[PDB]
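Close look at the chain arrangement
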Amino acid sequence: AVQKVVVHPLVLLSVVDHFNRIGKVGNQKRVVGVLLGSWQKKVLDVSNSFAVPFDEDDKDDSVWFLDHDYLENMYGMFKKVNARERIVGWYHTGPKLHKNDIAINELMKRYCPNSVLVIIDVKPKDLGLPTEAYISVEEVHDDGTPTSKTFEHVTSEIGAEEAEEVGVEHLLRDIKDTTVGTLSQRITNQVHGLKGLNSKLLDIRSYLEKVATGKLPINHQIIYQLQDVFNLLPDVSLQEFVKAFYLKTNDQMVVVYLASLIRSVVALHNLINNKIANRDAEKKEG
Amino acid sequence: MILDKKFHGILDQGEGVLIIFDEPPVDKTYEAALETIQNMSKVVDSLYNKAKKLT
Amino acid sequence: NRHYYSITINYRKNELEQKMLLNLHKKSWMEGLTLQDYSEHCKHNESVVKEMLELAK
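For this deposition, the record names cryo-EM as the technique by which the model was determined and cites 5.7 Å as its resolution.

This is how it looks when you write it as structure tokens:
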């Protein structure tokens with residue numbers, strides 16, 4: 001149904017406010033906020049959101065506390081001031097997906113339309129993208145397990161339309177723009193290996209742990225496609241790609257001729273002014 | 001007609017083998033060679049200005 | 001300005017806004033897995049950028 005979503009940083013800075021208005025009490029649980037957006041178009045666009053007092057139990061996980069009057073009053077007044085945005089779903093700040101999320105999401109599945117779920121981290125130490133759109137749809141399983149709520153990962157992007165780019169750029173004054181060239185390219189080409197190294201290294205360790213020490217079926221069926229796609233590149237002998245290395249290396253030669261020739265053109269004004277300025281300033285100094 | 005370059009091909013007498021091939025990237029060596037020939041005059045004129053100002 | 005003046009304005013940013021919003025904006029200019037759109041341009045250098053190299057020349 002929905003291919004991609006658009007999440008503005010305003011809601012995540014509202015999660016910064018979720019971490020600001022705590023009051024130093026010692027709970028810091030998965031505070032659930034009422035996510036708002038535009039479900040009209042096929043693409044989802046989050047503009048702003050708000051929160052609702054949400055408290056769980058220490059031992060029992062099935063305890064969840066929501067509010068209907070606060071949702072209808074905040075949504076009623078928010079719709080009165082801005083009717084272009086309506087309820088879409090919710091989101092929790094907890095890093096782990098608990099079992100009670102089917103009951104928490106089930107309320108906004110009954111009263112509200114199909115709600116999207118977003119899992120983020122309480123500490124911004126994760127290098128990866130903090131936002132993951134999880135659609136709440138029921139899927140048929142091939143093994144015969146009963147139909148239940150399944151959270152499929154929907155791709156997400158963090159973009160601002162008109163003003164939040166200006167506000168973020170003015171508040172930071174440290175981040176740089178695209179700036180195609182040497183630095184913005186070589187930084188990605190340096191740290192990219194760590195950007196994949198922390199993800200893969202962080203995932204395959206617990207993966208290999210759950211291979212031998214795993215039960216409660218983790219959908220082992222998708223592991224066959226995992227190792228299949230991993231074995232779709234069986235160390236090609238590079239025999240056919242030699243001519244492609246001749247093409248890319250020939251373009252490399254083109255960049256060699258462009259650099260040497262163009263820089264040789266740049267040497268004109270320098271290697272002329274260095275003489276005509278020094279000898280004339282010297283002969284005319286005294 | 002191959003000497004007239006109306007199509008891609010080449011004949012043979014000993015074996016009679018027909019080969020058809022083409023070279024699409026024609027606009028690379030032309031622009032590169034023109035940049036080399038045009039830059040030759042730049043470096044030579046630079047050596048004329050420096051050779052004039054020195055000796 | 002008569003009977004109508006103004007006041008100065010300063011800002012404030014803690015480490016949670018600095019790292020969350022900084023990494024959020026860098027990620028907003030980066031990819032999902034950060035390895036997706038690299039080979040796109042690495043292999044577009046042979047198909048699309050060649051036109052930009054010929055026009056550049």
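Structure's up, so let's keep going.
Below, the discussion takes up the overall build of chain C. Scanning chain C from N- to C-terminus turns up 3 helices and 0 strands. Each principal axis of the C-alpha distribution contributes one length, and for chain C these read about 65 × 35 × 10 Å. In chain C, which comprises 57 residues, the share counted as buried stands at 16%. Approximately 4900 Å² of chain C is accessible, and the part contributed by carbon and sulfur atoms is 55%. Seen as two clouds, the 9 positive and the 8 negative side-chain charges of chain C have centres 11 Å apart.

The next point concerns the interface of chain A and chain C. Opposite the 29 residues of chain A that make contact, chain C presents 27 residues. Looking only at chain A, the three residues that lose the most surface to chain C are A:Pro124, A:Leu171 and A:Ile175, adding up to 19% of its buried area. Taken together, chain A and chain C are joined by 0 salt bridges. Looking at the side of chain A that touches chain C residue by residue, the class counts come to 18 nonpolar, 7 polar and 4 charged.

As a further point, take the interface of chain A and chain B. How big an interface is tends to be reported as the loss of accessible area on association of its parts. Listed by partner, the interface residues are 10 residues for chain A and 8 residues for chain B. Overall, the association of chain A and chain B removes approximately 850 Å² of surface from exposure, summing both partners, and the carbon and sulfur fraction of that is 69%. Of all residues in chain A, A:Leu261, A:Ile272 and A:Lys275 bury the most surface against chain B, accounting for 39% of the area lost on that side. Across the chain A-chain B interface, the total number found is 0 salt bridges. The tally of links between chain A and chain B comes to 1 residue pair in polar contact. Here the residues of the side of chain A that touches chain B sort into 8 nonpolar, no polar and 2 charged.

Below, the discussion takes up the sheet that holds strand β3 (residues 44–46) of chain A. Residues and elements named next belong to chain A. Ordered by their spatial adjacency, 5 strands build an open sheet running β3-β1-β8-β7-β6, and the pairing between neighbours is mixed. Both edges of this open sheet fall to β3 and β6 (116–118), since each of them pairs with a single strand only. Each adjacent strand pair in this sheet contributes to an overall mean axis angle of 35°, direction not counted. In this sheet, strand β7 (residues 133–138) lies alongside β6 in antiparallel orientation, the contact comprising 3 bridges. Counted as the bridge partner of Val 116 is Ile 135 from β7.

This part covers the pairing of strand β1 (residues 4–7) of chain A. All names here are of chain A. Pairing analysis gives 4 bridges linking β1 to strand β8 (residues 149–158), with the strands arranged parallel. Paired with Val 5 across the two strands is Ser 156, which belongs to β8. Two elements, β1 and β3, share 3 bridges in a ladder whose sense is parallel. The residue bridging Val 7 from the neighbouring strand is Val 46, located in β3.

Next up on the list: the UniProt feature "domain: MPN" in chain A. The sites that UniProt annotates as "domain: MPN" are residues 5–140 of chain A. Regarding residues 5–140 of chain A, the helix share stands at 24% and the strand share at 23%, and the terminal C-alpha atoms are separated by 24 Å.

This part covers a nonpolar patch on the surface. Residue and element names in this part refer to chain B. On the surface, a cluster of nonpolar side chains totalling about 660 Å² of accessible area is made up of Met 1, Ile 2, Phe 7, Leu 11, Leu 18 and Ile 20. Looking at the secondary structure, you find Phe 7 in the segment before α1 (27–54). Note on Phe 7: relative accessible area 38%, which makes it partly exposed.

Residue and element names in this part refer to chain A. Under the criterion given, the structure shown has 1 aromatic pair over all chains. Judged by centre distance (5.1 Å) and plane angle (90°), the ring pair of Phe 241 and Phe 245 falls under edge-to-face. In this structure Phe 241 comes out as partly exposed when scored by relative accessible area, which is 41%. In this structure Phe 245 comes out as partly exposed when scored by relative accessible area, which is 46%.

Cut-offs applied
- Residues numbered from 1 in each chain as written, not as in the entry; some residues may be left out.
- Chains lettered and ligands numbered in written order.
- Part of a larger assembly, values for the part shown.
- Heavy atoms only, no water.
- Helix = DSSP H or I, 4+ residues; strand = E, 2+ residues; numbered from the N terminus.
- Buried < 20%, exposed > 50% of the residue type's maximum accessible area, 1.4 Å probe, protein only.
- Areas by Shrake-Rupley, 256 points an atom, 1.4 Å probe, with all protein chains shown as cover.
- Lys, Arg positive; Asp, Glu negative; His and termini not counted.
- Charge placed at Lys NZ, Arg CZ, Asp CG, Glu CD.
- Contact = heavy atoms within 4.5 Å.
- Buried area = accessible area lost by both parts, 1.4 Å probe.
- Salt bridge = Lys/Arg side-chain N within 4 Å of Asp/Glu carboxyl O.
- Nonpolar A, V, L, I, M, F, W, Y, C, P; charged D, E, K, R; others polar.
- Polar contact = N/O pair within 3.5 Å; in protein donor to acceptor, adjacent residues only side chain to side chain.
- Pairing = 2+ DSSP bridges.
- Axes fitted to C-alpha atoms, helices over the stretch in contact; angles between N-to-C directions.
- UniProt positions renumbered as here; feature names shortened; annotations may be inferred.
- Patch = residues over 30% accessible without salt bridge, like charges linked within 9 Å, V, L, I, M, F, W, Y side chains within 5 Å.
- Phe/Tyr/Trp six-rings, centres within 6.5 Å; stacked < 30°, edge-to-face > 60°.

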